[PDB]
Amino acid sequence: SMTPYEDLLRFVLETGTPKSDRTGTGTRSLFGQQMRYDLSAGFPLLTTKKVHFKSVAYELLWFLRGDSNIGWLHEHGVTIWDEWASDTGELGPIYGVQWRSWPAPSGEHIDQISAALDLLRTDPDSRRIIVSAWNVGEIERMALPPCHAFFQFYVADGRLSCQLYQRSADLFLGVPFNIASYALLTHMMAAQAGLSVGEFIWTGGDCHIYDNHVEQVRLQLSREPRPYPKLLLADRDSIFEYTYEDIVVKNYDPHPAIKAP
């Protein structure tokens, strides 16, 4: 179909502002960019390169568990968080802790995921259906400041839309994964709320391509997309009860993975 991601990737490659961070890393970047995907037309797992959906799905279930220790990821062979874990596998109060138990001054702890699902079911027109990981007073404890910092849901004509704000975006390595993650989340929330899927909107702050990814990006940009796959979910009575085996990505026909430093 269409290629919102590839278009943005190309746009930053071709018009992005050059930078270097004293260490000499180097980037090309644009600020405040936006992609939309119509989820009803297909699941936005990129086909111009294979995206490792297994890690996407496990990491999401891990967030949904409200988990802060990489142990569970490791058990399932997901190593993306390994770099930043403590000697004990702890990461501080990151996404999972904030999504499921943001500490309030009242001493209460807020499960934003259940709260959002309750709004989707009882007050679907609410303009306050929001989940934030950007807990200003806790950031320094986290291993890293939240990248996908907050998201908002919206309902129209029985369809659920979701918009993510992502403060920082490695367009080549990170974003394809980020897109799959929040699209998957949107399917889970929709099913649990008794809704169909609408749009996923990705809004980025600093959208950058690392200089050492440029060849990988040009190869990908030279490839023609296949149709998006179809996402299927087994039945569960709670979003917190989805397991990896409940998820099928059907008819995913990607070009080969591109390995990048």
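Start at 1 and count along the sequence shown; that's the residue number.
What stretch has the higher average Cα B-factor here, 115 to 123 or 81 to 89?
The stretch with the larger mean CA B-factor is 81 to 89.
Got a sec? Mean C-alpha B-factor, which is higher, 161 to 169 or 134 to 142?
That would be 134 to 142.
From the list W99, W72, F177, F153, select the residue with the highest C-alpha B factor recorded in the entry.
Comparing C-alpha B-factors across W99, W72, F177, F153, the top value belongs to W72.
Can you tell me which of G205, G26, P229, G198 has the maximum CA B-factor listed in the PDB entry?
Reading the PDB entry, the winner on C-alpha B-factor is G26.
By its CA B factor, does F31 count among the lowest, middle or highest third of the modelled residues in the chain?
CA B-factor rank for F31: lowest third.
Ranking every modelled residue in this chain by its Cα temperature factor as given in the entry, which third contains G66?
It belongs to the highest third of the chain when residues are ordered by C-alpha B-factor.
Grab the CA temperature factor for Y244 from the record and place it in the lowest, middle or highest third of its chain.
Middle third by C-alpha B-factor.
Rank-wise, by C-alpha B-factor, drop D211 into the lowest, middle or highest third of its chain.
Its C-alpha B-factor, which the entry lists for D211, ranks in the highest third among residues of this chain.
Sort the modelled residues of this chain by their C-alpha B factor and say whether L219 lands in the lowest, middle or highest third.
Its C-alpha B-factor belongs to the highest third of this chain's values.
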